[PDB]
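First, one chain by itself in structure tokens, the form deposited in one PDB entry.
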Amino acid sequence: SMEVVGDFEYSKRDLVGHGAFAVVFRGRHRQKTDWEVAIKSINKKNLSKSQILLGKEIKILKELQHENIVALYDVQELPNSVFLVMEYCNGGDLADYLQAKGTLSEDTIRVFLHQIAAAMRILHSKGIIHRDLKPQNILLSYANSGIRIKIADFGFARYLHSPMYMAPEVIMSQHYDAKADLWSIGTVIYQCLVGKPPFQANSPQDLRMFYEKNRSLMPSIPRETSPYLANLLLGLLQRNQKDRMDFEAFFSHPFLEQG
């Protein structure tokens, strides 16, 4: 007994994991059975009691079509549930990969970052900010160097909006988070290299007031670190977006294009 979702099918045995509102299964196309997919089941009533904008996630995933961004193939709406048929990444999340390997060579990090950067180029050209990049949201797919990286979870994402009645905080806050992803990529690279994030805290509100009071300094870069990787981390991990490396510097950064 397989459950059918449009031209795809899955077994309830083949559970991958959960979201807050979604269950995810390993599935396949019904004719092209070698084609593996992830199928997210999302209860419509639970979702309508949340602040989740699935419409937005779907709109953004459709707009993106890139080998380093998790593919959405299909959306099926039943009266109870919504089903997302997506690319299956057979390597899990980067979080679990780091748990397994500890730290990564600069060679490995360059490979991962080249791919992340390729994804970011697409995001940037469409004016989309992810805002929630983290190892749990970076998925891994193996071929048979062999690892391909895929950005996932556009739940927190937003479009850059590139008025006498509008609140001054709103006018003035345009583009405030335009460089957010560059910080995130920084923290992720940092963790890859060093083996913990640059900035930990006991709670969400503890990290808020840390950043709010600039009780936040450049973190410890190991003395092993190559000049280019160190330059990159320093320019990404700037508390003020005013002072943070911008996208064009990042895409074309020396660290990304060598031996």
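Note that residue numbering begins at 1 and tracks the sequence as displayed. In this text, rigid core is short for the largest set of C-alphas that superpose within 1.5 Å between two forms.
- Compared against other deposited entries of this protein, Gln51 counts as consistently modelled, with coordinates in all of those that resolve the residues around it and thus below the third mark.
- Of the other structures of this protein that model both sides of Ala201, a third or more give it no coordinates.
- Unmodelled residues of the deposited sequence between neighbouring positions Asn144 and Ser145 number 4 to 9.
- The deposited model assigns a higher average Cα B-factor to 96-104 than to the other stretch when 149-157 and 96-104 are compared.
- Judged by mean Cα B factor in the deposited record, 200-208 ranks above the other of 25-33 and 200-208.
- Across the residues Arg223, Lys56, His66, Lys62, the deposited record lists the maximum Cα B factor for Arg223.
- Annotation for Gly186, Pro79, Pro135, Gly127: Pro79 ranks highest, by Cα B-factor.
- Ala71 sits in the lowest third of its chain by CA B factor, as recorded in the PDB entry.
- Sort the modelled residues of the chain by CA B factor and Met86 lands in the lowest third.
- Per-chain ranking of the deposited C-alpha B factor places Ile171 in the highest third.
- Among the modelled residues of the chain, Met164 sits in the highest third by CA temperature factor in this PDB entry.
- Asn43: CA B factor in the middle third of modelled residues in this chain (values from the PDB entry).
What comes next is about the form deposited in another entry, which is not displayed.
- Once the two forms are fitted on their rigid core, between the shown form and the other one the CA displacement reaches 2 Å or more only for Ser50 among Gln200, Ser50, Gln65, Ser226.
- Comparing the forms between the shown form and the other one, the C-alpha position of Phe250 differs by less than 2 angstroms, with the core used for superposition.
- Core-superposed comparison between the shown form and the other one: the CA of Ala100 stays below a 2 Å shift.
- The Cα position of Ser11 differs by 2 Å or more between the shown form and the other one after fitting on the rigid core.
- Between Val170 and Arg208, the Cα distance is greater in that other deposited form than in this structure, by no less than 3 angstroms.
- The pair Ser173 and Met209 separates in that other deposited form: their C-alpha atoms are at least 3 Å more distant from each other than in the form depicted.
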